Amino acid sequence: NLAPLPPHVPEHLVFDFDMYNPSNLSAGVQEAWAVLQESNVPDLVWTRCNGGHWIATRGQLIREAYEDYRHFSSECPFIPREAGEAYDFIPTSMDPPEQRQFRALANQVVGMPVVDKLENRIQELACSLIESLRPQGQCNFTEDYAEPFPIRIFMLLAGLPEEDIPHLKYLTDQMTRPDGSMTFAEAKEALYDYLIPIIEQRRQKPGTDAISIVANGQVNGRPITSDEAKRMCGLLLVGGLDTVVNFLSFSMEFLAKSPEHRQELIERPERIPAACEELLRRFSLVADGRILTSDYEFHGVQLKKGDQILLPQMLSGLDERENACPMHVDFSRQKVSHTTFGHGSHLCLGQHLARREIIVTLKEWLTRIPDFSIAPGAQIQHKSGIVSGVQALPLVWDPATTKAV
């Protein structure tokens, strides 16, 4: 249903896009969002779906809004309004200047030096999963690799038992793509209920895992509070359980459907990092936003204090004003423009971990299983939300064409 149009919002800017169930979803989720960049769609539209909110449709406006934290605050960064209001993860719910001391701490548990320390385990897990799959000649990619690989790495980093994954994964998914059994506030409450006693335990007896490091950390030289540590750990959990997991499935679906692209990476392994970047542009998948701190005129549109604005990270790289032939995957693309990992002061802290997971996946998979396709008959379905994803990805191949390492 459609929220009544607010008096201040011009009728000619109304485009009722539903970010949790977009009209054109069956053509693929990026395609469905890309309808916002068809001719005759303004740079900034209002949807009456999900309580009503603005959507910036072009990378120029998305970037500008992300840079301007004084007008576009991350205090309420999710749609619908109930979810954005409840949302209190650190650092994402804070604006500069107060945000920064918290980023620095988070960077200590997911930053480059940590990723370098994880490198061998990341490599081993990829190899163990793929080798185990190789003789079978099929898999359900979402459950058999896309989920266990990045998630087990995160649980290792966090010192959390893998048997807790089903519960934590369910809760994280309700925050990004709710099935309707839980509001965002209920899912958050449950994530914090899980975390509170582990945070307390690890402040009493500090270990070397990421929760211990955050919960015993300092921010600008003063001790972090129990409550702050919980709000940061919760975010780390969502990042670990619902980002790369989804991205790997878009990429693998594409590689399954495109022998010529796999062939390029098989003949030319050195291109994998570039291919990773071009897939991160084409299969970009996050869309969150900001709240207006004051009435503000932005690109000839009057925004009112309290208005929410969706600033889809997904859209910048798909905009033909940033990338010619944006729906085409070109691993040789010269200037790969995107905001897949966000933009401005909230630039993704997990991006080095993400790219390492993606590049290790591509290298290891294409080495052992160069030739695969979608299961015959399978109608691949995407799902949309704050993070988009793939419902199921059944793959098949002939074991005879695979290679043991």
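Numbering starts at 1 and follows the sequence shown.
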Mean B factor on CA atoms, stretches 257-265 and 91-99, record says higher is 257-265
Please compare 167-175 with 222-230 and name the stretch with the higher mean C-alpha B-factor in the deposited structure. 222-230
Given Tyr66, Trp54, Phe341, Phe372, identify the residue with the highest C-alpha B factor in the PDB entry. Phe372
Choose from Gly28, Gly350, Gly59, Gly377 the residue with the greatest Cα B-factor as stated in the PDB record. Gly377
For the chain shown, is the CA B-factor of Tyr20 in the lowest, middle or highest third of its modelled residues? lowest
Of the three thirds of Cα B-factor ranks in this chain, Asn40 occupies the highest
Record-listed C-alpha B factor of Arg282: chain third: lowest
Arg70 CA temperature factor, ranked by third within the chain: middle
Taking the values exactly as deposited, rank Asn140 by C-alpha B-factor within its chain and report the matching third: lowest, middle or highest. middle
